[PDB]
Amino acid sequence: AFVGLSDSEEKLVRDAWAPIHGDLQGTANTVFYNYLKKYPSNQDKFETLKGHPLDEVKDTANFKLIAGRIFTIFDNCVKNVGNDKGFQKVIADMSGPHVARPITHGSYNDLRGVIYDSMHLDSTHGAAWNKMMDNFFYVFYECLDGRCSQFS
């Protein structure tokens, strides 16, 4: 389900994300690399990266564009903490390309985990962060399941 955050939790989320907000592309590049390295089956899902060694594509514009667009969405979600309709709309608008493709919940959840590891949060910030990410994926998965109209 979608669960609203408390004032303190909203603050904790913004603070948790702050370091990444301040270097969005640089964090994105490292996280997306660690993701494709630890979970290599996913590289094939990106036609622009498919068929090349990870180390051959990691420094390319294609790779950074993909990494950057993922983190821009999460950045825009954090900006919309406290605005449920705005938060849900950000996700709804990015869900379409994913409805269409052979990508498992495992793949999304593995990405979520690499993101979490890279943030090195204490358990207070982590709990607030996970509430937001649980909300993100509730909306995202509702949209993948063809119930996005409520959010669009």
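Residue positions are given as counts along the sequence shown, with the first one as 1. In this text, the rigid core denotes the largest set of C-alpha atoms whose superposition between the two forms falls within 1.5 Å.
- RMS Cα deviation from the shown model in 8 other deposited structures of this protein, rigid core fit, is larger for 95-103 than for the other stretch of the pair 28-36 / 95-103.
- Of 131-139 and 5-13, the stretch whose C-alpha atoms sit farther from the shown form in 8 other deposited structures of this protein, after fitting on the rigid core, is 5-13.
- Per-stretch averaging of Cα B factors for 35-43 and 101-109 places 101-109 on top.
- Of the two stretches examined, 125-133 and 7-15, the record assigns the greater average C-alpha temperature factor to 7-15.
- Remark: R69 belongs to the middle third of its chain, ranked by C-alpha B-factor as recorded.
- Per the PDB record, residue ranking by Cα B-factor puts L49 in the highest third of the chain.
- Ranked by C-alpha B-factor against the other modelled residues of its chain, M94 falls in the middle third.
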